[PDB]
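Asker: First the structure, then my questions, so here it is.
Neighbour counts run over all protein chains shown; Cβ positions are idealised from the backbone, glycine included. Each answer follows from the model by the rule given with it, or from the source it names; none is laboratory data.
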Amino acid sequence: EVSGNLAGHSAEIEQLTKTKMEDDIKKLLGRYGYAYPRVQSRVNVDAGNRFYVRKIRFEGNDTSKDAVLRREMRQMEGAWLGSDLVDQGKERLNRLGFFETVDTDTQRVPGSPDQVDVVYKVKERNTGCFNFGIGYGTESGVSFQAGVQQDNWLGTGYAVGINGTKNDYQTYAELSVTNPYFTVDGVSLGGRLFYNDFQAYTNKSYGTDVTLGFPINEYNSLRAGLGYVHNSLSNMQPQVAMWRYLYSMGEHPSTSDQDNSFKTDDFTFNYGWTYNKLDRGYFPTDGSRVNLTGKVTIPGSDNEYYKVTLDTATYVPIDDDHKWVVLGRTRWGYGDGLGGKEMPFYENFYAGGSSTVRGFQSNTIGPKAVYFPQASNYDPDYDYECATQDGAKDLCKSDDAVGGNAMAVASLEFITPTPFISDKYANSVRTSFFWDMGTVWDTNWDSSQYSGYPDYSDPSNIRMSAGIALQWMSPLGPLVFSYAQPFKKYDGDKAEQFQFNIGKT
Amino acid sequence: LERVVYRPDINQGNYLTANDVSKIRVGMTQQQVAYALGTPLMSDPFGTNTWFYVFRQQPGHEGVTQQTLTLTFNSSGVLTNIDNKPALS
Amino acid sequence: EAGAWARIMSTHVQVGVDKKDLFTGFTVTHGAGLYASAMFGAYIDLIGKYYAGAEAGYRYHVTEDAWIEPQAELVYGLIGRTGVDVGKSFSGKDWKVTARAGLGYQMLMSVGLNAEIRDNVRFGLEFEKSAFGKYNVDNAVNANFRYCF
Amino acid sequence: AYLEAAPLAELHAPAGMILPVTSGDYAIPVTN
Amino acid sequence: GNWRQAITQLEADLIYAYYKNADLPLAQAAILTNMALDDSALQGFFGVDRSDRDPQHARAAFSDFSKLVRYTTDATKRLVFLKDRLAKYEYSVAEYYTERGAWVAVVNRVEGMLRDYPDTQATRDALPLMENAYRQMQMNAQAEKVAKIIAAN
């Protein structure tokens, strides 16, 4: 039987009842606002007093602006205390990714029977970094590379970064500024500008975009935006897939003619949808994340196409102490054109690399270029002779990836404890086992005209590899190292068994 | 969009219920009032011996509901008046 | 420490003796040459066959933070060549820096520096030049810097 | 920078108003 | 001498050398100024207002300078500076809550400023915040009192 000093909550306590139930009762009352109930047991519960929160203060925020932490709380000052109104605040801070640890505490107000002090403690993480360097010699000249990226710029909450490079063959730069909080209610605003002039064929492009978004629920948010890209191409090497597109656009390049040009002006509309219930920024143990984005063209553009990309992952713990965890990952996407227009090749999907599929060379998975028989000053000993009139008299096969219109990648990763625990590694290094596989294939591939060549429309040629990976959030930023051994490969494929990259994505 | 974007519920002030408000009577001491209702959250910073109990809630995509209770005391700490405003004008 | 060896191939037969620290030997066929090596901290690497050349060197210590190491090698088609490396290490209460340079006659020369800061600053560079060869590098430099916030 | 800080000056009340009682802290004595 | 000698001299006075090289974790072995822990070269260069950062170090510095006063001529002005810097923190918090709408927090937060920093500029600038907060409700007498204190000053 159950009895107690309850404020009428007999139905709720009966529902709870129908050895640990005493704590579920404590949680129920904490939701109502009793900070220190007493339960004895044939159980008698003394609800106690109602409590109010006197003030909220933070310690350890030496770099971040105070507004950054207060905006993430749900419990307001001058209101009754609730357990649900603080614990979510604790989870909320972890999702920013700006802290090493998050602690919570409840203190009594001296001399005040019904008031408490709510205190949060954080340790700020070193997360940003700036790099530059040069390369110079009389043989090639001097090249420059520099840029900066930070998630939190001087503690103001703004996500910014500037990158670019200049060398003898290409000019590239981008600038991005995003404000995660434009209004007090969580409305976001940001965008970017870029320039990409690649002189090597000739490939010159530039453009900008602006994106708006806002939350719609506690775990869901929406995004939308606009942008513009300029594309001017010239002297492209004739290819079957490339000319299919050109014919779709109404172009008629001369047969095997290296002297050509093409430019387009494409206006697009951006949108997306996200879900995020993860309990950590760097190393999560629970929840799942879904990121669905895409773009469509609008009237007045030269190209007519759409693109949808899905990126999601799920973490499920095995051990009660979250030392054994299993991670699933999958990526999906699809695109096409409208009105008879093919999707432009510069938006094609690529797969492979240390980031997307381990053990394969970056962007080497997928259909390969098929070159037509011209002449050049590189024919004697420097050019791809089968692309000229002398090296070949028919269509030449190659291993040159062109990208596709559809892809699918998935992997299963088994996350385990490290070989040992140390103060510098206990919460900074994690190791795991994985199984990676995926596939990229084309559409509108006319296998009836080209029979002696591979059929790129058959999605069943699945690429697969496996290996071991090491993650480290080093003082110089995230780093991931891994080794994998491919098992299933097809003619034209390339592999890299030892790969690493920056641990960002 | 103004009515679409999610907003968290905001609570302000002390909790009140009719079951407890009806228990206050003129002649009670400050200790009896604080015991029955709890510690006041607002007072007159400029010296008036009065306590303010304000219950205000503003749910998302909802209007504002509130009740204002003003308690006045004499120099002896004895409650002199009960100002009950069940709703905002 | 010593003994004879022989090997055969699918009618050709090659024989020789391995005899010993400086180790020497010879080889003949049934098509001849000599070889030797040593592991002291000095080393010897001698190869002579009916192409010739030899490399030898030793790491010398000058200071507790500096060293000199000759590693000269000769190549015969005689092409003169030699290589002697030097270096020094630096440290402090909150830092350590290593600088490196060298010269190898053909003549290749290079310099570089590696600095290690307390937590978020990494810097280094390299420069290459050469002289008196049939080809030469006049001046080339590479450098990088990283600063983390 | 600290040498450029503006001077402090106590606020006064209009007749009929009582100011909050100064807390027992952050008291700076008059010095030369 | 030179700070370069002071570094060499570290092989063997220690507090000065730690200060000169900003060895702030080592200067605490003396247990006078810990103000260096409230700033950053990057924040300084760009002119970032540090009023919204953690004030606990400033509070400790205030306590130690008070103990020393209870060099004095400059320490007094430093105490005035730190007191004003502390008042700015409360001001910023009050503005945040005003924007969010937690008017009850605004009223209690400002009242605290009135009790603790009655002589700083931050308090005079904060005063208009209470009138607004009172005008979101029907607590007109407090708004009248605030208007009267504002008009006098």
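Asker: Condition first: exposed (fewer than 15 other Cβ atoms within 10 Å of the Cβ) and either of a type in the set (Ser, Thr, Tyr) or in a strand (DSSP E or B) (or both). Now tell me which residues in the range C:75-86 satisfy that.
Answerer: Step one: filter the range C:75-86 for residues exposed (fewer than 15 other Cβ atoms within 10 Å of the Cβ), giving C:75-80.
Hits for the range C:75-86 are C:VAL75, C:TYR76, C:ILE79.
Asker: Check whether at least one residue in the range A:339-355 is touching an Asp or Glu at 6+ places or on another chain (Cβ under 7 Å), surrounded by fewer than 20 Cβ atoms within 10 Å (Cβ to Cβ) and within 22 Å of A:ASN270 (Cα to Cα), and report yes or no. Explain how you work it out, then say what you get.
Answerer: First, the residues of the range A:339-355 that are touching an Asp or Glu at 6+ places or on another chain (Cβ under 7 Å): A:339, A:341, A:343.
Next, only the ones that are surrounded by fewer than 20 Cβ atoms within 10 Å (Cβ to Cβ) stay: A:339, A:341.
Going one step further and asking which of them are within 22 Å of A:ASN270 (Cα to Cα), we end up with A:339, A:341.
Yes, some residue in the range A:339-355 is touching an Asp or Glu at 6+ places or on another chain (Cβ under 7 Å), surrounded by fewer than 20 Cβ atoms within 10 Å (Cβ to Cβ) and within 22 Å of A:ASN270 (Cα to Cα).
Asker: Those residues that are more than 43 Å from the chain's Cα centre (by Cα), assigned to a loop (DSSP other than H, G, I, E, B) and facing another protein chain (nearest Cβ under 9 Å), I need them from the range A:110-129; list them, please. Explain how you work it out, then say what you get.
Answerer: The first filter runs over the range A:110-129 and keeps only residues more than 43 Å from the chain's Cα centre (by Cα), leaving A:110-115.
After this cut, where a residue has to be assigned to a loop (DSSP other than H, G, I, E, B) as well, the list is A:110-114.
Result: A:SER112, A:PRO113, A:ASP114.
Asker: Are any of the residues in the range A:201-211 assigned to a loop (DSSP other than H, G, I, E, B), over 28 Å from A:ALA410 (Cα atoms) and not assigned by TED's automatic domain parsing to the domain that holds A:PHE372?
Answerer: Of all residues in the range A:201-211, those assigned to a loop (DSSP other than H, G, I, E, B) come to A:201.
Narrowing further to those that are over 28 Å from A:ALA410 (Cα atoms): A:201.
Restricting the remaining residues to those that are not assigned by TED's automatic domain parsing to the domain that holds A:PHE372 gives A:201.
Yes, the range A:201-211 contains a residue that is assigned to a loop (DSSP other than H, G, I, E, B), over 28 Å from A:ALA410 (Cα atoms) and not assigned by TED's automatic domain parsing to the domain that holds A:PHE372.
Asker: Please enumerate the residues belonging to the range E:90-122 that are more than 14 Å from chain A (Cβ to nearest Cβ), assigned to a helix (DSSP H, G or I) and crowded, with 18+ Cβ neighbours inside 10 Å.
Answerer: Matches in the range E:90-122: E:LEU114, E:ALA122.
Asker: Hey, could you check the range C:94-113 for residues that are surrounded by fewer than 16 Cβ atoms within 10 Å (Cβ to Cβ) and touching a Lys or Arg at 6+ places or on another chain (Cβ under 8 Å) and say which is nearest to the other protein chains (Cβ to nearest Cβ)?
Answerer: Of everything passing the filter in the range C:94-113, C:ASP94 is nearest to the other protein chains (Cβ to nearest Cβ).
Asker: Further question on the same structure: Looking at A:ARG74, A:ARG57, A:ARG92 in this structure, which one is closer than 28 Å to A:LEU278 by Cβ and either touching a helix residue (DSSP H, G or I) at 6+ places or on another chain (Cβ under 6 Å) or in the same structural domain as A:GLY287 (by TED's automatic domain parsing) (or both)? Steps first, answer last, please.
Answerer: Details: A:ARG57 fails: either touching a helix residue (DSSP H, G or I) at 6+ places or on another chain (Cβ under 6 Å) or in the same structural domain as A:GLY287 (by TED's automatic domain parsing) (or both); A:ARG92 fails: either touching a helix residue (DSSP H, G or I) at 6+ places or on another chain (Cβ under 6 Å) or in the same structural domain as A:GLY287 (by TED's automatic domain parsing) (or both).
Selected residue: A:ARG74, the only one of A:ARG74, A:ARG57, A:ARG92 that is closer than 28 Å to A:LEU278 by Cβ and either touching a helix residue (DSSP H, G or I) at 6+ places or on another chain (Cβ under 6 Å) or in the same structural domain as A:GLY287 (by TED's automatic domain parsing) (or both).
Asker: Being over 23 Å from B:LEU71 (Cα atoms) and within 14 Å of chain A (Cβ to nearest Cβ), is that true of even one residue in the range E:123-144? Quick ask: steps written out before the conclusion?
Answerer: Step one: of the range E:123-144, the residues over 23 Å from B:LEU71 (Cα atoms) are E:123-129.
Next cut, within 14 Å of chain A (Cβ to nearest Cβ) only: none.
For the range E:123-144, residues over 23 Å from B:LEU71 (Cα atoms) and within 14 Å of chain A (Cβ to nearest Cβ): absent.
Asker: Test A:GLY492 against the criterion of being closer than 30 Å to A:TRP243 by Cα and either in contact with a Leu (Cβ under 6 Å, 6 or more places away or on another chain) or part of a loop (DSSP other than H, G, I, E, B) (or both), and give yes or no.
Answerer: yes
Asker: Please count how many residues of the range C:21-60 are farther than 22 Å from C:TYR105 by Cα and surrounded by 11 or more Cβ atoms within 10 Å (Cβ to Cβ). So that I can check it myself, show each step before the final result.
Answerer: Quick first cut of the range C:21-60, residues farther than 22 Å from C:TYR105 by Cα only: C:21-41, C:49-50.
If we keep only those that are surrounded by 11 or more Cβ atoms within 10 Å (Cβ to Cβ) too, we end up with C:22-29, C:32-38, C:49.
Adding up the residues that qualify gives 16.
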